[PDB]
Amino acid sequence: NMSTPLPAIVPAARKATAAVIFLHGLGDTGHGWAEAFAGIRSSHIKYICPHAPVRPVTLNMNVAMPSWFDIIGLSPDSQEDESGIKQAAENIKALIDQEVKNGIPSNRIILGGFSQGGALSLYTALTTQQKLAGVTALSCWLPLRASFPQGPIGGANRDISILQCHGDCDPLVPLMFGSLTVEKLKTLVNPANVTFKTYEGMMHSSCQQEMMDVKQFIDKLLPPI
């Protein structure tokens, strides 16, 4: 079968002292979000957008397409690919570790994604023990939420900043699934660093105002020097 293509890169102009790792959504590659993040780039930030492997998707009759893990249903009560989410989480952890040996400590790295890409970001951030700088979760949800105990998660990533964005006309990942997610997030990490933003009229895509809010979030958490 096919090999793992190299991630799409938005290289830093000056010495890269911070990095953003953004996971694309179903059926996509990293190339579209690479050109999106390049439009709001900062001099000292490296932007990595890895590609998901092409694999059969149970939701659409096992028709193969880029997918970080199997999708079985579109509802909060749906079955989830527990094995695949955990396995894909280790790949993302391995990708964060490849940048810390490039001279960028994990605490200067934001892990984000769109839709199932965002869902993997939230699960990876809340389970890894690498301290990260923040999470940009776009039109996504929290997978395997029932597997988290009911108190704070504790550990290296207890007060991480999370910016969750969602549109109120999204027909694929509805707003309710994002609200259910951020409410569970507020009980796992310090809710003072959790910001939820709703975009009226947006569907399962991105808006210009959202990128502006993503940029303000990354700039605040990864300033120069």
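Numbering starts at 1 and runs along the sequence shown. Here, rigid core means the biggest group of C-alpha atoms that superpose within 1.5 Å across both forms.
For 192-200 versus 60-68, the mean Cα distance to the shown form in 4 other deposited structures of this protein after rigid core alignment is larger for 60-68. Of 69-77 and 140-148, the stretch whose C-alpha atoms sit farther from the shown form in 4 other deposited structures of this protein, after fitting on the rigid core, is 69-77. Checked against the record, the higher mean CA B factor of 152-160 and 41-49 lies with 152-160. Per-stretch averaging of Cα B factors for 187-195 and 167-175 places 187-195 on top. Within the listed group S115, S121, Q129, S83, the record reports its top CA B-factor for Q129. In this structure the maximum Cα B-factor among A94, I71, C140, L144 is found at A94. Per-chain ranking of the deposited C-alpha B factor places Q208 in the lowest third. Compared with the other modelled residues of the chain, the Cα B-factor recorded for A16 ranks in the highest third. Looking at the C-alpha B-factors along this chain, the one for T136 belongs to the lowest third. In the PDB entry, a CA B factor belonging to the middle third of its chain's modelled residues is recorded for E200.
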